[PDB]
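The block underneath contains the structure these notes are about, expressed in structure tokens.
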Amino acid sequence: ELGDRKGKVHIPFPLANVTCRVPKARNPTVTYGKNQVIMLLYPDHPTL
Amino acid sequence: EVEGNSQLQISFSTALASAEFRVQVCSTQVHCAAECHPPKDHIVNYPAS
């Protein structure tokens, strides 16, 4: 019962880029043998 | 420093363990040899000599 006679207003809460601190886990045990590096890391989270 | 009839301990590495490496003191040459022992650990961080 109307055409396109509508309105437009402001919309709050604008986005922005910040810097979030994330953790890094301790380095594991290293064994440097002949062509081999035994890294016994035990991650406290899912760690790629 | 060449100050007199003295010695400098030149610290340079090589690759082959028995090595007759040549060093020149600025007008002098020399080819001195050494018997190198191989290293202990496999894993290093940086490159070689």
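Every residue, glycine as well, gets a Cβ built from its backbone with ideal geometry; the counts of neighbours run over all protein chains shown. Quick note: the coordinates plus some simple rules give every number you see, no bench work behind them.
What FRET efficiency, computed as 1/(1 + (r/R0)^6) with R0 = 35 Å and r the Cβ-Cβ distance, is obtained for A:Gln36 and B:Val23, rounded to the nearest 0.05?
Values: r = 36 Å, r/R0 = 1.04.
Taking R0 as 35 Å, the efficiency between A:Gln36 and B:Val23 is 0.45.
With the crude spin-label approximation of a point 7 Å out along Cα→Cβ, what separation in nm comes out for B:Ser11 versus B:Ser49?
That separation, rounded to one decimal, is 1.0 nm.
Between A:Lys24 and A:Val9, what is 0.36 nm times their sequence separation minus the Cα-Cα distance? Round to one decimal in nm.
Full extension from A:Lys24 to A:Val9 adds 1.0 nm.
Mind checking which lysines have their C-alpha under 20 Å from A:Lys34, skipping anything on the same chain fewer than 8 residues away?
B:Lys40
Rounded to the nearest 20 debye, what is the charge dipole size of chain A about its Cα centre when +1 sits on each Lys and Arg Cβ and -1 on each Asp and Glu Cβ?
Numbers: 7 positive and 3 negative charges, 39 e Å.
Value, rounded to 20: 180 debye.
Hey, how many Å between the Cα centroid of the stretch B:22-46 and the Cα centroid of chain A?
With the stretch B:22-46 and chain A each reduced to a Cα centre, they are spaced 48 Å.
Calculate, for B:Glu3 and B:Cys36, the FRET efficiency according to 1/(1 + (r/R0)^6) with r their C-beta to C-beta distance and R0 30 Å; round to the nearest 0.05. Don't skip to the answer; put the middle values down first.
Details: r = 30 Å, r/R0 = 1.00.
After rounding, the FRET efficiency stands at 0.50.
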